[PDB]
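All remarks here apply to the structure that follows.
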Amino acid sequence: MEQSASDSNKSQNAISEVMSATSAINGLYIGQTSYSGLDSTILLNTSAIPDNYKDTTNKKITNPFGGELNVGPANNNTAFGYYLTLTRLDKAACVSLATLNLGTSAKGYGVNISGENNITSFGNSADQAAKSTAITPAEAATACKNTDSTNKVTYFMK
């Protein structure tokens with residue numbers, strides 16, 4: 001109730017985690033242009049067409065590495081660095097990220113998108129669309145919308 005709330009409080013804590021993630025993974029690779037090399041391997045690794053870009057149950061976010069992770073590089077480091085396809089989600093997490101601020105401390109957020117290598121264009125809404133900034137109940141209403149069996153989100157985060 002009353003605004004996103006987590007967009008100011010929870011965000012400050014989330015930033016630390018992800019900014020440490022991109023730092024850690026980078027320190028192990030040393031740029032590699034943009035973790036290049038993993039692409040060719042991982043792409044054909046899973047069915048040649050990585051179905052992991054989406055979960056069929058309700059739990060996959062491409063970003064973290066706390067559970068079932070799949071490593072992959074993006075197009076160009078500056079635009080997008082890396083993506084890790086982690087299966088894991090919850091209805092609360094859907095609202096949590098939409099009540100966060102995924103814009104200043106994110107590279108992009110896309111719900112029901114598949115193809116982390118080259119994410120779709122970013123607007124400001126969710127579901128079969130990606131957005132540049134995530135915030136306010138408006139996003140929350142759009143992110144958690146018909147998303148049950150189709151509840152999966154690839155998202156690059158800084």
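By convention here, the chains of the structure tokens are called A, B, ... in the order presented, each chain's residues are numbered starting at 1, and ligands are numbered starting at 1 in the order presented.
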Residues of range 67-94 of chain A that have any atom at most 9 Å from an atom of range 36-46 of chain A: could you tabulate them with the shortest-distance atom pair and the distance in Å to one decimal, using only C-alpha atoms, ordered by chain and increasing number, as CSV?
residue,atom,partner,partner_atom,distance
A:70,CA,A:42,CA,8.1
A:71,CA,A:42,CA,7.4
A:72,CA,A:38,CA,5.7
A:73,CA,A:39,CA,5.8
A:74,CA,A:39,CA,7.9
A:75,CA,A:36,CA,8.5
Please write the residues from the selection above to a file, keeping N, CA, C and O atoms, as a compact mmCIF listing (two decimals), in the first residue's frame.
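Output below, filename result.txt:
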# COMPACT_ATOMS: atom_id res chain seq x y z
N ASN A 70 22.56 -20.88 -15.21
CA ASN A 70 23.16 -21.12 -16.52
C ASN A 70 23.88 -19.86 -16.96
O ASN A 70 23.27 -18.79 -17.04
N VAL A 71 25.17 -19.96 -17.25
CA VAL A 71 25.98 -18.79 -17.57
C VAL A 71 25.91 -18.45 -19.05
O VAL A 71 25.90 -19.33 -19.91
N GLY A 72 25.85 -17.16 -19.35
CA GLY A 72 25.84 -16.71 -20.73
C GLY A 72 26.26 -15.26 -20.87
O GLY A 72 26.01 -14.45 -19.97
N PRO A 73 26.91 -14.91 -21.98
CA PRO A 73 27.32 -13.54 -22.27
C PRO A 73 26.31 -12.79 -23.13
O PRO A 73 25.51 -13.40 -23.84
N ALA A 74 26.35 -11.47 -23.07
CA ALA A 74 25.46 -10.65 -23.88
C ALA A 74 26.19 -10.08 -25.09
O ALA A 74 27.36 -10.39 -25.33
N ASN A 75 25.47 -9.26 -25.86
CA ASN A 75 26.00 -8.64 -27.07
C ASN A 75 27.27 -7.82 -26.80
O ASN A 75 28.36 -8.20 -27.23
Q. DSSP says strand (DSSP E or B) for which residues of range 91-141 of chain A? Put them as a list in words?
A. residues 108, 109, 110, 111, 122, 123, 129, 130 and 131 of chain A
(Q) My list of candidates is A:98, A:130, A:141, A:119. Which is closest to residue 6 in chain A when distances are computed with only C-alpha atoms? (A)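 For residue 6 in chain A, the nearest of the candidates is A:98.
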Q.
Taking 5 positions as the minimum chain separation for residues in the same chain, which residues sit within 10 Å of residue 11 in chain A when counting only C-alpha atoms? Answer as a list in words.
A. residues 5, 6, 16, 96, 97, 99, 100, 101, 102, 104 and 105 of chain A
Selection from above, N, CA and C atoms, as a compact mmCIF listing (two decimals), in the first residue's frame, can you write it?
# COMPACT_ATOMS: atom_id res chain seq x y z
N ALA A 5 7.46 1.99 -2.31
CA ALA A 5 8.10 1.89 -0.99
C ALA A 5 9.46 1.20 -1.04
N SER A 6 9.49 0.00 -1.60
CA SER A 6 10.72 -0.78 -1.70
C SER A 6 11.68 -0.14 -2.69
N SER A 16 23.86 -3.33 -3.92
CA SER A 16 25.10 -3.88 -3.41
C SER A 16 25.32 -5.32 -3.88
N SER A 96 7.99 -7.42 -5.96
CA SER A 96 9.17 -6.87 -5.30
C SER A 96 10.04 -6.09 -6.28
N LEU A 97 10.28 -6.66 -7.45
CA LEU A 97 11.12 -6.03 -8.46
C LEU A 97 10.41 -4.86 -9.11
N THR A 99 8.30 -3.04 -7.50
CA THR A 99 8.27 -2.02 -6.47
C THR A 99 9.68 -1.61 -6.10
N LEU A 100 10.65 -2.13 -6.85
CA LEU A 100 12.04 -1.72 -6.73
C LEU A 100 12.28 -0.62 -7.76
N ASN A 101 13.53 -0.25 -7.97
CA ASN A 101 13.85 0.62 -9.09
C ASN A 101 14.86 -0.05 -9.99
N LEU A 102 14.36 -0.73 -10.99
CA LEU A 102 15.20 -1.39 -11.96
C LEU A 102 15.38 -0.49 -13.17
N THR A 104 17.93 2.79 -12.66
CA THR A 104 19.19 3.40 -12.25
C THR A 104 20.21 2.31 -11.93
N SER A 105 19.74 1.23 -11.31
CA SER A 105 20.61 0.12 -10.96
C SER A 105 20.17 -1.16 -11.68
Each range 72-125 of chain A residue no farther than 12 Å from range 20-34 of chain A, nearest pair in Å, only C-alpha atoms, as JSON lines:
{"residue": "A:72", "atom": "CA", "partner": "A:34", "partner_atom": "CA", "distance": 9.7}
{"residue": "A:73", "atom": "CA", "partner": "A:34", "partner_atom": "CA", "distance": 6.2}
{"residue": "A:74", "atom": "CA", "partner": "A:34", "partner_atom": "CA", "distance": 6.5}
{"residue": "A:75", "atom": "CA", "partner": "A:34", "partner_atom": "CA", "distance": 7.2}
{"residue": "A:76", "atom": "CA", "partner": "A:34", "partner_atom": "CA", "distance": 5.8}
{"residue": "A:77", "atom": "CA", "partner": "A:34", "partner_atom": "CA", "distance": 4.7}
{"residue": "A:78", "atom": "CA", "partner": "A:34", "partner_atom": "CA", "distance": 8.4}
{"residue": "A:79", "atom": "CA", "partner": "A:34", "partner_atom": "CA", "distance": 9.8}
{"residue": "A:80", "atom": "CA", "partner": "A:34", "partner_atom": "CA", "distance": 8.2}
{"residue": "A:81", "atom": "CA", "partner": "A:34", "partner_atom": "CA", "distance": 5.7}
{"residue": "A:82", "atom": "CA", "partner": "A:34", "partner_atom": "CA", "distance": 7.1}
{"residue": "A:83", "atom": "CA", "partner": "A:22", "partner_atom": "CA", "distance": 9.6}
{"residue": "A:84", "atom": "CA", "partner": "A:25", "partner_atom": "CA", "distance": 10.5}
{"residue": "A:105", "atom": "CA", "partner": "A:22", "partner_atom": "CA", "distance": 11.9}
{"residue": "A:106", "atom": "CA", "partner": "A:22", "partner_atom": "CA", "distance": 11.3}
{"residue": "A:107", "atom": "CA", "partner": "A:22", "partner_atom": "CA", "distance": 11.6}
{"residue": "A:117", "atom": "CA", "partner": "A:34", "partner_atom": "CA", "distance": 10.9}
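Using only C-alpha atoms, the smallest distance between any of A:142, A:8, A:121, A:52 and residue 68 in chain A comes from A:52.
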Q: Record the distance separating CA of residue 65 in chain A and CA of residue 136 in chain A, expressed in Å with one decimal.
A: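 For CA of residue 65 in chain A relative to CA of residue 136 in chain A, the distance reads 26.6 Å.
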Q | Picked from chain A by DSSP as alpha helix (DSSP H), as an NGL selection string | A | :A and (10-29 or 32-35 or 38-45 or 91-98 or 136-143)
**Q.** Interatomic distance (Å, one decimal) between CA of residue 123 in chain A and CA of residue 66 in chain A
**A.**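 Separation of CA of residue 123 in chain A and CA of residue 66 in chain A: 28.3 Å.
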**Q.** Gap from CA of residue 148 in chain A to CA of residue 94 in chain A - Å, one decimal
**A.** 10.4 Å
Q. Could you pull the residues within 6 Å of residue 129 in chain A, counting only C-alpha atoms, minus those fewer than 2 positions along the same chain, as a list in words?
A.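 The contact residues come out as residues 110, 126 and 127 of chain A.
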Take the residues that were just selected and, keeping N, CA, C and O atoms, output them as a compact mmCIF listing (two decimals), in the first residue's frame.
# COMPACT_ATOMS: atom_id res chain seq x y z
N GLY A 110 12.76 -7.37 -18.43
CA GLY A 110 11.85 -7.88 -19.44
C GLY A 110 11.11 -9.13 -19.00
O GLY A 110 11.71 -10.19 -18.84
N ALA A 126 5.29 -4.20 -18.61
CA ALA A 126 5.77 -5.57 -18.57
C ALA A 126 4.85 -6.52 -19.32
O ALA A 126 3.87 -6.09 -19.94
N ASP A 127 5.19 -7.82 -19.26
CA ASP A 127 4.41 -8.90 -19.87
C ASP A 127 4.49 -8.85 -21.39
O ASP A 127 3.86 -8.02 -22.04
